[PDB]
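> Take a look at this one; I'll ask things after.
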RNA sequence: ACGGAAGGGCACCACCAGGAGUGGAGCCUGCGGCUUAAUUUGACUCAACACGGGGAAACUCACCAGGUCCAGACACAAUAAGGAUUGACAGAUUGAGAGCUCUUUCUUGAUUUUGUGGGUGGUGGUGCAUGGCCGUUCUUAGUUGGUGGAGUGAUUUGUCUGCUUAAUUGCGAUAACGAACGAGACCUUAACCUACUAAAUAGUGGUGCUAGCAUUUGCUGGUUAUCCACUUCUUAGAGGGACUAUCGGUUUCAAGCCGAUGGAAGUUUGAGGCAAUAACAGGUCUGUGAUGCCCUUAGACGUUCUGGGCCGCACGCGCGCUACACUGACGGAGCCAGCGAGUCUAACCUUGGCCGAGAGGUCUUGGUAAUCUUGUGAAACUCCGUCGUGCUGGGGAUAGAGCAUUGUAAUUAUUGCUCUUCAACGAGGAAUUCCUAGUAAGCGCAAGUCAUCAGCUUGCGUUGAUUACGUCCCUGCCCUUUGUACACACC
Ligand SMILES: [Mg+2]
Ligand SMILES: [Mg+2]
Ligand SMILES: [Mg+2]
Ligand SMILES: [Mg+2]
Ligand SMILES: [Mg+2]
Ligand SMILES: [Mg+2]
Ligand SMILES: [Mg+2]
Ligand SMILES: [Mg+2]
Ligand SMILES: [Mg+2]
Ligand SMILES: [Mg+2]
Ligand SMILES: [Mg+2]
Ligand SMILES: [Mg+2]
Ligand SMILES: [Mg+2]
Ligand SMILES: [Mg+2]
Ligand SMILES: [Mg+2]
Ligand SMILES: [Mg+2]
Ligand SMILES: [Mg+2]
Ligand SMILES: [Mg+2]
Ligand SMILES: [Mg+2]
Ligand SMILES: [Mg+2]
Ligand SMILES: [Mg+2]
Ligand SMILES: [Mg+2]
């Protein structure tokens, strides 16, 4: 199954907190934003982050998310 | 090792004219690469030698590396000629 | 350089606290071992033991070292530190740290005639670290510390000149004997003699006096 | 001449291994770490990295000359078309081989099992590494053989970066009774990588934003 | 892709596990048309360990 | 640690739903047993038995019957230039052009011989003295600090009820907070790219020159460069690409699971590489000029040479191969792969021409290779025809006779060919192995081995499904609960 790891989610929270205005609900733009404000050592990882970060946004923007 | 001296000469001439020996672990070879005597000779000619100093022995990938020490070249200056090589000088380059 | 992380250490780093009795008086804890470091240098340290313990892992075995350290000047202050770690050296160091954050005050007193500077104990005290109990009794001058080698070193660094020891229980488990020897002389400042009957008016604790110089970022 | 490229590059890789083995035997007492090899338009350059270059580049061209002539005879090089060079080292504390052989010699020079271990460990660690692990197997206190592990710092073991950052060396040490094994492992610092990635393939770094005092009320500047 | 496939084990005990090594040989060519100075310069100015180089005359 | 106790989970080396079989037959092949001059030897439940890359005619080669050789270094000491010592034609003698031994008599010169010391070798023992490597627990998910909490202490918590996941994977619950190893990331390989950079060792369109059917312009070929243009197909550099996207149903409306839409791709995208801590007297001294100790070292356990043996056959066992046919066999005919390999001081891949029923032969050729073999025209398969259920033309064992190839050497048949002999086998008892998508199964092919020999293995692609999309009933494991008089830990 598809469970995102700590290093992933750990990054998403970290990104979101200090970049909420800069980020959107769209995967591809966010994906790009990662190349600027973060230095990720591989593409799959970077997308995976960009993907979960975009996931939280799409529910953050529907009510405050626990952490 | 038995062997004649006219074969035992060329070995000791080569062991100083070049100062080092190719060797290779292969008995029954008949004739070295350079040295026109048995490869068995050259080996057991330099097994007596290193067993009494003079030259050092090194074995890797089925190849002895026969290197002549200090006390060696003095066993040569009595066994060959003069008193005044190879491993001492000669600087190549085609100079052209 | 030591960079304080507790309210206490700041006042100690700054110079707004100059002696340890200030802390014992206000019963403040102590969490940064540098506090007592500054407050009390030349505090000699003897390690008394290193026995190995063993464990059983989800497979075979697991073996590692245990250090017991006492620290003190020899003028009223002592510490006992038990630490066990993966190597000798580190198991020791940590012990010394843990011995110092442990450091305790001692009411030394006269056996009888108060002619010139205490030599034994205020009163009889006793402590018990599981089964082992050590008892300390005041003693004439010249009497010396009458204890087992390991209790004597402890009481030495505690700055004691003479005392009598009765000891009970399995005093072969070195760790427990000492911890009671410790609980013993630490209790000397609990025993309310009639000279402490006088009423004082309670100091106000350097935490409020130097409150500003105790505040952080 | 005239050899299949498939066979040549292999045949070459053979040569490297045959050289590297040799030089490890002869030049062990000089702290030999490794060699490069360079085919050039004429001249072939055998480059010897060793932490004791003088006992290699010997008595004014000697010693290394033996070592050249020992080569021209082996692989049938016409003299001069092959030339042995000499390097020092890139800090022996970071090379497993130079360390491996150090445990060998130290143990050979009679030293103590645990001391030899930690002393190597602490040299690597104080050579700016990220970690070090030295594992001695064999007969330590005789009879039934055991194995001891002396590690300090940080290691990984898993995927690719094991090949990037950590290099190991197993060396056979011949002892009074049997033999022991010397497996030194040295994980270097990705922070200094230079050639390759500068972090673990999962190190996420986030550049910190900036406090802002917004409003300012529109306005505009002209030039 | 050179392929060497053998058993991990020496002797012959244990599960029948296999390993497979590779050597990857990469090739390419570039064609030039240049004379006296540009020919001997370019063979040697462009040189690098591990990289086998070879230049060809022409015709047959 | 264990348990013939409890609760949870996970796993086609577990079962459910099934597929394919194996166990029955013959042959191949390994193991035992037996036999033998020897039938060398390792290994014995998963984790010994087409394993030791163990397909052995010499070799290998360790075993059996016999014959040589020193390559017994150096050092001390003794004989010896009234010659230490070496060699050999002949004959006798021997499998033998071994001068090994002997008959005669020449030779050759300090290099050898004798002895003690000391050494060199050994596929001789010891894997229960080791290393190195490897198998296994492990298709598993586990391991460990710092600071704080608990306990005299060993310890404990952190490392968890629940839910989630392939995962100590995560949400969360939280006397813990924050982290490192393992898992994940990572790497490889396979899928998409009309976007970039390119191409006579990759292709394509046009153009010359030329062939044929048609002739209404056309359709189909030939031409290694006729000449030009390009990069779709091929190759490989640089990047792009997916994140489980988007919507929807569930759920602490959390991790996540499910569905539908698109998408090259939505099972960790598929498949591998790597892989922590700790452990086992698991295998290997017969891989090693890796190695302790013992053993032996010139009537040698060293080495080499001649021949035999490892394959010897009342029988037990395992891996296989070929089959019982009509969804087939045989004969024609159609004709499509991918992974691969290949000759320098050498005889490897071999087209083509001729010869030969065949196997194979002979003269040439290209290729150190995206260039020559080779579009590796592979088999399954497809069409048409013959056979017509009969141990039949299914099946091809056993055996006779002959021709060729490898090799010094084919007998105890190396292999290949041709004719003839035409066995058991009519679906395989009790049992039992393997598997979830280009998979299973069927099909062959290259590569390892290799002088010759694959019924073995490592990979490759061709044809291509039924059944599941689950559970703990069986069998293993894992965590937790629990008992213990175990700790050399239920051998
Ligand atoms: Mg009692
Ligand atoms: Mg990791
Ligand atoms: Mg991994
Ligand atoms: Mg079933
Ligand atoms: Mg069957
Ligand atoms: Mg059968
Ligand atoms: Mg044989
Ligand atoms: Mg033989
Ligand atoms: Mg032998
Ligand atoms: Mg063992
Ligand atoms: Mg974890
Ligand atoms: Mg072209
Ligand atoms: Mg054309
Ligand atoms: Mg669809
Ligand atoms: Mg063997
Ligand atoms: Mg056999
Ligand atoms: Mg038939
Ligand atoms: Mg047919
Ligand atoms: Mg019939
Ligand atoms: Mg085989
Ligand atoms: Mg219990
Ligand atoms: Mg218990």
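Shown for chain D, in order and in Swiss-Prot numbering: 3-225.
Going by what the header records, the deposited coordinates were determined by X-ray crystallography, 3.1 Å.
Cβ atoms are placed via backbone N, Cα and C, with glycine included.
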> Where Swiss-Prot marks phosphothreonine, which residue is it, choosing among D:46, D:55, D:70, D:207?
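Per Swiss-Prot, the residue annotated as phosphothreonine is D:70.
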> Hey, which of D:9, D:54, D:90, D:146 does Swiss-Prot call omega-N-methylarginine?
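With Swiss-Prot as the source, omega-N-methylarginine is noted for D:146.
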> Quick one: which of D:10, D:78, D:108, D:132 has ubiquitin cross-link in Swiss-Prot?
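Checking Swiss-Prot against D:10, D:78, D:108, D:132, the ubiquitin cross-link entry points to D:132.
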> Would you mind telling me which one of D:104, D:129, D:139 Swiss-Prot calls phosphoserine?
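Cross-referencing D:104, D:129, D:139 with Swiss-Prot, phosphoserine lands on D:129.
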> Which Cβ among the modified residues (D:44, D:70, D:129) has the fewest C-beta neighbours inside 10 Å?
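Counting other Cβ atoms within 10 Å of each of the modified residues D:44, D:70, D:129, the minimum falls on D:44.
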> What does the DSSP secondary structure composition of the domain 'KH type-2' (D:21-92) look like, as residue counts for helix, strand and coil?
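Summed by class, the stretch gives 26 helix, 21 strand, 25 coil.
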> What is the nearest of the recorded positions D:70, D:97, D:106 to residue D:44 (phosphothreonine), using the Cα of each?
D:70
> Which entry in the list of recorded sites, D:151, D:212, has its Cβ near the fewest other Cβ atoms, using 10 Å as the limit?
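Least crowded of the recorded sites D:151, D:212, by Cβ count within 10 Å, is D:212.
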> Looking only at C-alpha atoms, tell me how far residue D:200 (ubiquitin cross-link) is from residue D:146 (omega-N-methylarginine), rounded to the nearest Å.
44
> Around the Cβ of residue D:132 (ubiquitin cross-link), how many other Cβ atoms lie within 10 Å? Please give the count over every shown protein chain.
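Residue D:132 (ubiquitin cross-link): 20 neighbouring Cβ atoms within 10 Å.
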